[PDB]
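Following this message is one structure expressed as structure tokens.
Labels for the chains are A, B, C, D, E, F, G, H and I, by order of writing; each one numbers its residues from 1.
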Amino acid sequence: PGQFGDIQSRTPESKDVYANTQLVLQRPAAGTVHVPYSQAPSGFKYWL
Amino acid sequence: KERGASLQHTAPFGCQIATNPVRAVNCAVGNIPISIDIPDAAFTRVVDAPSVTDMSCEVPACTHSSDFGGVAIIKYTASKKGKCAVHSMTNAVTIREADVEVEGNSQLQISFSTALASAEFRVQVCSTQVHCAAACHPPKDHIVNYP
Amino acid sequence: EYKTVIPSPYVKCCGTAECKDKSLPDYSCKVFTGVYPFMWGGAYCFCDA
Amino acid sequence: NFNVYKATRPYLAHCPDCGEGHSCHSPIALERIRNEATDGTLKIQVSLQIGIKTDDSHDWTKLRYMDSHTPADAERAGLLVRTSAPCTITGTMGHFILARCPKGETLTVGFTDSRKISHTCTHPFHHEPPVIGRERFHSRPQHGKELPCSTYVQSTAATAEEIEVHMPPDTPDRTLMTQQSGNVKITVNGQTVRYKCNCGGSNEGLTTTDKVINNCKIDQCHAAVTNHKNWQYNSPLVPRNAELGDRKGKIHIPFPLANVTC
Amino acid sequence: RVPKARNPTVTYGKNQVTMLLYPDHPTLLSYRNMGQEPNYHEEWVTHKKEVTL
Amino acid sequence: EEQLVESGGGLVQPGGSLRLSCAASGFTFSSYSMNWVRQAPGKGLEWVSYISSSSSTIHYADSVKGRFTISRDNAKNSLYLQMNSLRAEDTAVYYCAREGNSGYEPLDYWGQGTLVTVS
Amino acid sequence: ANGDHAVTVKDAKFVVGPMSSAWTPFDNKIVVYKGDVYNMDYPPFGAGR
Amino acid sequence: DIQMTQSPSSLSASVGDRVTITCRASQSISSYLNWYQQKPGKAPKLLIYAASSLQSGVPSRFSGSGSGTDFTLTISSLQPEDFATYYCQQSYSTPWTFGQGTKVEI
Amino acid sequence: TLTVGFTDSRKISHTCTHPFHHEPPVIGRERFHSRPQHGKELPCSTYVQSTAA
């Protein structure tokens, strides 16, 4: 979820994508309309 | 700017602190005696309760984990319809079920937990006793979220 | 890099919502109860519960 | 070309900090901020539209924004961006702005309304450009070496990235109702208005003219405007019109990436 | 009003827990033992870090 | 007492114009909506136009679009209906009426119209 | 939690306590500030620094 | 939009007889219907403004009720002053429309 | 530092400068720079915009 190789594909022009990130939805705040969520940050930038 | 951590984070025994008014809760120390007064009307005579004359026990599975990982099957013959309480005769084995219903010729199923690698215990159902034994396997999960 | 796609939410007041599964990667769906949204002009729906 | 904007309209959105330490509903709001280029440029998306007048003509000095139930024009000269120190704006089109500006922990945008009133909205951010080479430097040298890098291209041509538009939902407005001598009056002001009352008789309907409902109190009824002729982007901050939404069209995202040298 | 931090990634082993943290801004981490000896510890975390307890 | 007074009729040549006035007394002009109706010998009742109390909502009958315009002045307590591009078929008596300030869309008062002939 | 009190529910009488331990997490001198409690040996009245 | 018709086109009755006039519509009116009455040579016209309601100043002999596209008005006593032309009007939508008219003769 | 000033009636400016040390306190166990949408509420104090005696 947080290392090199979190998203993988065979070639830049492929349509088949694999991903193993975490994504959890959370309860919205009172009186407003929005979609909060929790997600692990991208591993690619960390490597650079 | 320098006062540091308060008692809520440092106190032993898992105590929690409140301030309005000042209180401490859930401190795991000691024990508490209790006395109960039960009126006579709650009791039933042994001549009226149903009887059981023949029982046997088998244990198809056991894993000595922190949870209820054991099952047992007991066969019985009862003289008439009624209710009956169950109780264990050992300290190393605890039984979840408090009461059973008995009728005719049938069988009942109970669940238990224990730390023993090899279990032996007796179970009492309406003034008679049965002997059970089995071998238990170890669990595979390292850490759990409950005592 | 990856991208996250979130459509507009659907709110059904004084009725019960439901959803179905899909084959998309990392698909998630949930329903929450007890909402009472506001907009710039006032409360959106008549129902309070 | 700007032909793709002919049928669209702006919208209002929630802002978490409206300048006094409190939230409000603002004609200007921020969407996701992209920071993909290695040269430290930003692409910002907002809810207002720059470059198009209310008559669907092209005029590079004007912007149009949403007012209460109607669009209005405003001058471009009032647009500002800053992240601590002021930013430099390098180009605009539609919903998107490009700018360069120093490091900071916040990002603020704003503009001036047609009535001499200002609006701002602030979001948190973390900005820190990458390092290229084996030395850290603050400005462009006169005598030096060249290395590869990437940038954004100032081009409005069609590309492969697109976003979608949908039909707006109905909008409530409590100012349509007034109470007089035990009765409630509804004023339509030329719009199609739907109403609901919890007073005796279970009154429901859809009207294009003024109506009076007798023997009823204020705050026992609800009213909203239901008939729309324009399309709106399906931002996550507005409710869906129906369980299964219908598509009306799409627009493209300008400014692709290219390879350059540093 | 104050914010909340995002969820860590947790793995298990024999008598030990491993955690990988994803800070956005300086965050305080502390822990104690239950029972008679709390053995209190405290530290600040400013960047990606892995710890074992 | 409530009154509605119609004036401004007469004969106009084809292609001309004629302005009708409706005068009111006995009530607060700005609090009520008004309508115009038409009748002629051998014909029944017909609605012509409507104006809301704030001059924010206006409607016209489909047969009278363009040739007709309606306006009001809440300070002068006067109601106007103007007809342009008069055609020979437009011979009738035109009336003004009040709309009531209560539910179920009542009409409480009617005026007494004047003859307009085009010929 | 002492022996000087009893309650009755559905004609059953209950008595609870006393506790077997006198351990208390508080010291003789405490300081309270907006929800926090500290153990602190404050100076006597009239002898500050 | 909403078409209306009334029946009979005329009534012929003597003094002391009852009068019944009905009005029908092609569309739901939800009780937004009123009645009018006037004699020849006059612009003013007025009867009850709503179903099961009596207009101020109208004699008690005039009554009526309403239902889904089916409205009725009756007169309990027919006197020489009661011979006039009757109309229905619906005020549910826009434009407002009228019936074709009914006359009562001696 | 802290500086104040104003403009005169004759198109002349005036300023005055004093030293100061300004650093707001921290509330909670996290340090943050702006107001979030998703979060928790804690007590704090403010000044009231009132001119009453």
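In this text, a contact is a pair of C-beta atoms (placed from the backbone, for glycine too) under 8 Å apart; a residue touches a chain by one contact, two chains touch by 3 or more.
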Labels of chains that are neighbours to chain D and to chain G: none
Pair exhibiting more inter-chain C-beta contacts, A-C or F-H: F-H
Chain centroid nearest the full-protein CA centroid: C
Inter-chain centre distance, chain B versus chain H - centres from mean C-alpha coordinates, in Å: 85
Inter-chain centre distance, chain C versus chain H - centres from mean C-alpha coordinates, in Å: 53
For chain C paired with chain D, centre-to-centre distance based on mean C-alpha positions, whole Å: 21
Where chain G touches two or more other chains, by residue: none
In chain F, residues with contacts to at least two other chains: 50, 59
Multi-chain contact sites of chain E, meaning residues that touch two or more partners: none
Complex contacts: residues of chain D adjacent to chain I: 16-17, 21, 105-106, 122-124
In the complex with chain C, residue positions of chain A that touch it: 6-7, 17-19, 21, 23-25, 27-28, 30-33, 35, 37, 39, 42, 44-45
Residues of chain A defined as touching chain D within the complex: 32-35, 48
Touching residues on chain F, where the partner in the complex is chain H: 35, 39, 44-47, 50, 59, 61, 93, 95, 100, 104-108, 110-113
In the complex, chain E residues that touch chain I: 1-5, 25-28
